[PDB]
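Source file upload.cif; content: mmCIF, C-alpha atoms.
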data_query
loop_
_atom_site.label_atom_id
_atom_site.label_comp_id
_atom_site.auth_asym_id
_atom_site.auth_seq_id
_atom_site.Cartn_x
_atom_site.Cartn_y
_atom_site.Cartn_z
CA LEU J 3 -87.17 -24.15 -22.76
CA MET J 4 -89.82 -21.40 -22.94
CA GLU J 5 -92.53 -19.87 -20.74
CA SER J 6 -95.58 -21.72 -22.05
CA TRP J 7 -96.82 -23.47 -25.15
CA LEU J 8 -99.96 -24.92 -26.72
CA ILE J 9 -100.85 -28.63 -26.71
CA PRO J 10 -103.72 -30.75 -28.04
CA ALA J 11 -107.03 -30.48 -26.14
CA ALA J 12 -108.64 -33.32 -28.05
CA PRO J 13 -107.61 -36.07 -30.45
CA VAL J 14 -108.16 -35.74 -34.19
CA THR J 15 -108.78 -38.36 -36.84
CA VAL J 16 -109.03 -37.65 -40.56
CA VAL J 17 -109.16 -40.02 -43.56
CA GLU J 18 -108.30 -39.56 -47.23
CA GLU J 19 -108.50 -41.41 -50.57
CA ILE J 20 -105.44 -41.42 -52.84
CA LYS J 21 -105.39 -43.70 -55.90
CA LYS J 22 -107.85 -46.17 -54.39
CA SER J 23 -105.73 -46.46 -51.21
CA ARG J 24 -106.67 -45.48 -47.65
CA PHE J 25 -104.80 -43.04 -45.48
CA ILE J 26 -106.10 -42.30 -42.00
CA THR J 27 -104.18 -39.74 -39.95
CA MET J 28 -104.77 -39.70 -36.21
CA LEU J 29 -103.45 -36.99 -33.87
CA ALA J 30 -103.71 -36.93 -30.05
CA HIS J 31 -102.13 -35.49 -26.86
CA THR J 32 -99.00 -37.40 -25.81
CA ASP J 33 -96.79 -36.05 -23.01
CA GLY J 34 -93.54 -37.94 -23.43
CA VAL J 35 -92.27 -40.90 -25.38
CA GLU J 36 -94.24 -43.60 -23.52
CA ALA J 37 -97.37 -41.60 -24.30
CA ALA J 38 -96.44 -41.47 -27.98
CA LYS J 39 -95.79 -45.21 -28.04
CA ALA J 40 -98.96 -45.78 -26.04
CA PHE J 41 -101.45 -45.04 -28.83
CA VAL J 42 -99.36 -46.34 -31.72
CA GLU J 43 -100.39 -49.75 -30.40
CA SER J 44 -104.07 -48.76 -30.41
CA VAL J 45 -104.03 -47.54 -34.00
CA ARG J 46 -102.12 -50.62 -35.13
CA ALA J 47 -104.44 -52.94 -33.19
CA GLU J 48 -107.45 -51.14 -34.60
CA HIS J 49 -106.20 -51.53 -38.20
CA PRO J 50 -104.42 -54.86 -38.68
CA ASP J 51 -105.43 -55.01 -42.34
CA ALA J 52 -103.53 -51.80 -43.12
CA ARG J 53 -100.12 -52.29 -44.66
CA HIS J 54 -98.37 -49.34 -43.03
CA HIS J 55 -98.54 -47.31 -39.81
CA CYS J 56 -96.10 -44.36 -40.04
CA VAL J 57 -95.41 -42.23 -36.95
CA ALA J 58 -93.92 -38.90 -35.78
CA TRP J 59 -94.01 -36.81 -32.58
CA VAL J 60 -92.61 -33.85 -30.55
CA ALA J 61 -92.92 -34.09 -26.75
CA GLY J 62 -93.13 -30.42 -26.82
CA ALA J 63 -90.92 -28.01 -25.10
CA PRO J 64 -92.22 -27.45 -27.64
CA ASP J 65 -89.90 -27.20 -30.58
CA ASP J 66 -87.29 -26.07 -28.08
CA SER J 67 -86.92 -29.47 -26.48
CA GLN J 68 -86.22 -32.09 -29.05
CA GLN J 69 -88.07 -35.19 -27.97
CA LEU J 70 -88.78 -35.50 -31.70
CA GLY J 71 -89.22 -38.91 -33.37
CA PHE J 72 -90.51 -40.64 -36.52
CA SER J 73 -90.76 -43.89 -38.51
CA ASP J 74 -91.53 -45.14 -42.00
CA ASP J 75 -92.62 -48.68 -41.15
CA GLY J 76 -91.77 -50.06 -44.56
CA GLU J 77 -92.47 -46.98 -46.70
CA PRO J 78 -89.44 -45.74 -48.66
CA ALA J 79 -86.94 -43.98 -46.41
CA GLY J 80 -87.58 -40.30 -45.67
CA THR J 81 -90.99 -40.39 -47.38
CA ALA J 82 -93.44 -41.22 -44.58
CA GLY J 83 -91.58 -40.08 -41.47
CA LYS J 84 -89.81 -36.75 -41.72
CA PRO J 85 -92.52 -35.07 -43.82
CA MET J 86 -95.06 -35.61 -41.02
CA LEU J 87 -92.57 -34.47 -38.37
CA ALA J 88 -91.98 -31.13 -40.13
CA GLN J 89 -95.70 -30.36 -39.97
CA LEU J 90 -95.64 -30.93 -36.20
CA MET J 91 -92.60 -28.71 -36.06
CA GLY J 92 -94.43 -26.28 -38.34
CA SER J 93 -97.49 -26.13 -36.09
CA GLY J 94 -95.72 -24.94 -32.94
CA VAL J 95 -97.71 -27.31 -30.75
CA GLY J 96 -95.89 -29.22 -28.04
CA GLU J 97 -96.62 -32.71 -26.78
CA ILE J 98 -98.30 -34.29 -29.80
CA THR J 99 -97.88 -37.46 -31.84
CA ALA J 100 -99.26 -38.50 -35.22
CA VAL J 101 -100.02 -41.74 -37.01
CA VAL J 102 -100.80 -42.28 -40.68
CA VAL J 103 -102.39 -45.72 -41.38
CA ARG J 104 -102.00 -47.14 -44.85
CA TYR J 105 -104.40 -49.48 -46.58
CA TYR J 106 -102.83 -50.25 -50.00
CA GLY J 107 -105.30 -49.86 -52.83
CA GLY J 108 -103.72 -51.84 -55.66
CA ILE J 109 -102.10 -48.81 -57.29
CA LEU J 110 -98.73 -47.52 -56.17
CA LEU J 111 -97.65 -43.89 -56.29
CA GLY J 112 -94.31 -42.13 -56.62
CA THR J 113 -91.92 -40.78 -54.01
CA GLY J 114 -93.67 -37.42 -54.25
CA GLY J 115 -97.04 -39.16 -54.02
CA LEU J 116 -96.17 -40.72 -50.65
CA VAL J 117 -94.84 -37.44 -49.26
CA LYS J 118 -98.10 -35.64 -50.03
CA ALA J 119 -100.03 -38.52 -48.46
CA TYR J 120 -98.07 -38.49 -45.22
CA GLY J 121 -96.87 -34.91 -44.77
CA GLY J 122 -100.17 -33.69 -46.21
CA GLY J 123 -102.14 -36.10 -44.02
CA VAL J 124 -100.65 -34.56 -40.88
CA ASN J 125 -101.30 -31.20 -42.47
CA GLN J 126 -105.06 -31.73 -42.85
CA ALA J 127 -105.54 -33.14 -39.37
CA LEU J 128 -103.66 -30.17 -38.03
CA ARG J 129 -106.27 -27.86 -39.54
CA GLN J 130 -108.85 -29.45 -37.19
CA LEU J 131 -106.73 -29.65 -34.02
CA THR J 132 -108.08 -27.74 -31.01
CA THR J 133 -105.51 -26.55 -28.47
CA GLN J 134 -104.87 -25.20 -24.97
CA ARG J 135 -102.06 -23.26 -23.29
CA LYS J 136 -99.87 -25.03 -20.78
CA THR J 137 -97.60 -23.24 -18.31
CA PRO J 138 -95.32 -25.87 -16.79
CA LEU J 139 -94.74 -26.02 -13.04
CA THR J 140 -91.50 -24.56 -11.66
CA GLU J 141 -89.36 -26.82 -9.45
CA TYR J 142 -87.71 -25.84 -6.17
CA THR J 143 -86.04 -27.56 -3.20
CA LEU J 144 -86.98 -27.35 0.47
CA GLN J 145 -85.43 -28.86 3.62
CA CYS J 146 -87.85 -29.37 6.49
CA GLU J 147 -88.47 -31.45 9.60
CA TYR J 148 -90.61 -34.58 9.85
CA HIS J 149 -93.19 -32.82 12.05
CA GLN J 150 -93.70 -30.32 9.23
CA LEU J 151 -94.29 -32.89 6.44
CA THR J 152 -98.09 -33.27 6.41
CA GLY J 153 -98.38 -29.52 7.04
CA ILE J 154 -96.28 -28.73 3.95
CA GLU J 155 -97.96 -31.28 1.67
CA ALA J 156 -101.23 -29.56 2.47
CA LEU J 157 -99.95 -25.99 1.88
CA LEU J 158 -98.38 -27.22 -1.38
CA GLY J 159 -101.67 -28.65 -2.59
CA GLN J 160 -103.52 -25.43 -1.77
CA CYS J 161 -101.20 -23.63 -4.18
CA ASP J 162 -101.62 -26.18 -6.93
CA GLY J 163 -98.23 -27.55 -5.93
CA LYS J 164 -96.91 -31.09 -6.15
CA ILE J 165 -94.19 -32.72 -4.08
CA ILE J 166 -91.88 -34.29 -6.64
CA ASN J 167 -89.49 -36.49 -4.67
CA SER J 168 -88.61 -37.02 -1.03
CA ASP J 169 -85.34 -37.90 0.69
CA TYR J 170 -85.69 -39.12 4.28
CA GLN J 171 -82.42 -38.35 6.03
CA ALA J 172 -81.88 -36.66 9.44
CA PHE J 173 -84.12 -34.03 7.88
CA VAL J 174 -86.47 -34.15 4.93
CA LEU J 175 -85.16 -33.08 1.57
CA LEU J 176 -88.04 -32.22 -0.72
CA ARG J 177 -87.98 -31.32 -4.43
CA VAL J 178 -91.28 -29.40 -4.93
CA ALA J 179 -93.04 -28.08 -8.01
CA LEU J 180 -95.66 -25.34 -8.18
CA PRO J 181 -96.99 -22.66 -10.51
CA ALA J 182 -94.60 -19.71 -10.73
CA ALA J 183 -97.55 -17.41 -10.00
CA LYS J 184 -98.12 -18.90 -6.56
CA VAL J 185 -94.54 -18.99 -5.25
CA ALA J 186 -94.87 -15.75 -3.28
CA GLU J 187 -98.18 -16.83 -1.81
CA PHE J 188 -96.63 -20.19 -0.95
CA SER J 189 -93.53 -18.64 0.59
CA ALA J 190 -95.71 -16.36 2.73
CA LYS J 191 -97.96 -19.24 3.74
CA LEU J 192 -94.77 -21.26 4.41
CA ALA J 193 -93.11 -18.58 6.51
CA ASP J 194 -96.23 -18.07 8.65
CA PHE J 195 -96.39 -21.84 9.18
CA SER J 196 -92.84 -22.06 10.41
CA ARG J 197 -92.11 -18.62 11.83
CA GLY J 198 -89.84 -17.80 8.92
CA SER J 199 -87.34 -20.61 9.43
CA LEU J 200 -88.19 -22.77 6.42
CA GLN J 201 -86.14 -21.78 3.31
CA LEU J 202 -87.52 -22.57 -0.19
CA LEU J 203 -84.79 -22.72 -2.87
CA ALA J 204 -84.66 -22.64 -6.67
CA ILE J 205 -82.92 -25.59 -8.37
CA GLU J 206 -79.58 -24.87 -10.04
CA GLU J 207 -77.41 -27.83 -11.03
CA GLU J 208 -79.76 -28.67 -13.92
#

Please go through the file and, once you have read it, give me the structure as structure tokens.
Amino acid sequence: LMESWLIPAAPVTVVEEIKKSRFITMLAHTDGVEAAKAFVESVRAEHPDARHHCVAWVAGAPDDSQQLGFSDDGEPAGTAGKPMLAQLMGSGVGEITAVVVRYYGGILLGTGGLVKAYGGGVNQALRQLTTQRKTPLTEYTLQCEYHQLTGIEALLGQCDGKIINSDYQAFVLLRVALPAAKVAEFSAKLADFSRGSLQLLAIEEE
């Protein structure tokens, strides 16, 4: 992927009136697909009386990792889904999802008309989105002894590190994650803790 990226620091909600109809775009931070799906429910729930609830998202890598998605929910194919996705791709903001909510007003508009209501809707919201940088943790592996477990968890946590997954065999096989800034400080701390016999390694297979 890439070093770091920007993500949403706060949700956004904007509304608009097109030919007596009611379009309400709602943005928000969503890391991963469950997250995206998570608030589609809330926006649907919240507006049962609205005919359509079109979606789109990126689970940001940002635009490097394609955890991209969309949906028309009854609006003419390629007219309520892709348009809003291309805005999210246009923004260059990872980990975000969008929902347009349609309340039919009695007057129907063309294929163009729908595209400017959906694509455009995500466009307006995007003008009010506040962001924040996000440097993802780096992941390494580390084989230690059981009598060093608690000790290592603690050192890890002091370096803003997180123990990803454990494997309890004859020895402990740990998959750790920590800021790439703090690796050298962690290694040093680690070596002093074990008299230089612990060996932290950088993942490779994937």

On this file, the PyMOL selection byres ((chain J and resi 54) around 6) gives some set of residues; write that set as a list in words.
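Output from the PyMOL selection byres ((chain J and resi 54) around 6), applied to this file: residues 52, 53, 55, 103 and 104 of chain J.
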
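If you measure from each of J:84, J:191, J:197, J:46 to residue 160 in chain J using only C-alpha atoms, the closest one turns out to be J:191.
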
Considering only C-alpha atoms, can you say which of J:105, J:72, J:25, J:188 comes closest to residue 88 in chain J?
J:72

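For residue 89 in chain J, the non-local neighbours within 10 Å, defined as residues at least 5 positions apart in the same chain or in other chains and counting only C-alpha atoms, are residues 58, 59, 84, 94, 95, 120, 121, 122, 123, 124, 125, 126 and 128 of chain J.
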
Between J:182, J:130, J:48, J:78, which one has atoms that come closest to residue 15 in chain J, using only C-alpha atoms?
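Nearest to residue 15 in chain J: J:130.
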
Might you spell out which residues the PyMOL selection byres ((chain J and resi 178) around 9) would select in the displayed file, as a list in words?
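On this input, the PyMOL selection byres ((chain J and resi 178) around 9) captures residues 140, 141, 142, 143, 144, 158, 163, 164, 165, 166, 167, 168, 176, 177, 179 and 180 of chain J.
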
Go ahead and write the residues just picked, C-alpha atoms, as a tab-separated table (two decimals), keeping the file's coordinate frame.
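Saved result, out-v5.tsv, follows:
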chain	number	residue	atom	x	y	z
J	140	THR	CA	-91.50	-24.56	-11.66
J	141	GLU	CA	-89.36	-26.82	-9.45
J	142	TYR	CA	-87.71	-25.84	-6.17
J	143	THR	CA	-86.04	-27.56	-3.20
J	144	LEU	CA	-86.98	-27.35	0.47
J	158	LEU	CA	-98.38	-27.22	-1.38
J	163	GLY	CA	-98.23	-27.55	-5.93
J	164	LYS	CA	-96.91	-31.09	-6.15
J	165	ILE	CA	-94.19	-32.72	-4.08
J	166	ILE	CA	-91.88	-34.29	-6.64
J	167	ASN	CA	-89.49	-36.49	-4.67
J	168	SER	CA	-88.61	-37.02	-1.03
J	176	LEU	CA	-88.04	-32.22	-0.72
J	177	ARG	CA	-87.98	-31.32	-4.43
J	179	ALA	CA	-93.04	-28.08	-8.01
J	180	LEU	CA	-95.66	-25.34	-8.18

Would you compute the distance between CA of residue 135 in chain J and CA of residue 65 in chain J? Give it in Å to one decimal.
14.7 Å

What is the CA of residue 205 in chain J-CA of residue 170 in chain J distance in Å, reported with one decimal?
18.7 Å

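Our summary of the geometry notes that CA of residue 203 in chain J is positioned 23.7 Å from CA of residue 63 in chain J.
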
Kindly extract all protein, DNA and RNA residues lying within 8 Å of the coordinates (-91.2, -35.3, 6.2) given in the file, considering only C-alpha atoms, and supply them as number ranges by chain.
J: 146-152, 168, 170, 173-175

Could you dump the residues just selected with C-alpha atoms as a CSV table (one decimal), in the frame of the given file?
chain,number,residue,atom,x,y,z
J,146,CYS,CA,-87.8,-29.4,6.5
J,147,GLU,CA,-88.5,-31.4,9.6
J,148,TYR,CA,-90.6,-34.6,9.8
J,149,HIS,CA,-93.2,-32.8,12.0
J,150,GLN,CA,-93.7,-30.3,9.2
J,151,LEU,CA,-94.3,-32.9,6.4
J,152,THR,CA,-98.1,-33.3,6.4
J,168,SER,CA,-88.6,-37.0,-1.0
J,170,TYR,CA,-85.7,-39.1,4.3
J,173,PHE,CA,-84.1,-34.0,7.9
J,174,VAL,CA,-86.5,-34.2,4.9
J,175,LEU,CA,-85.2,-33.1,1.6
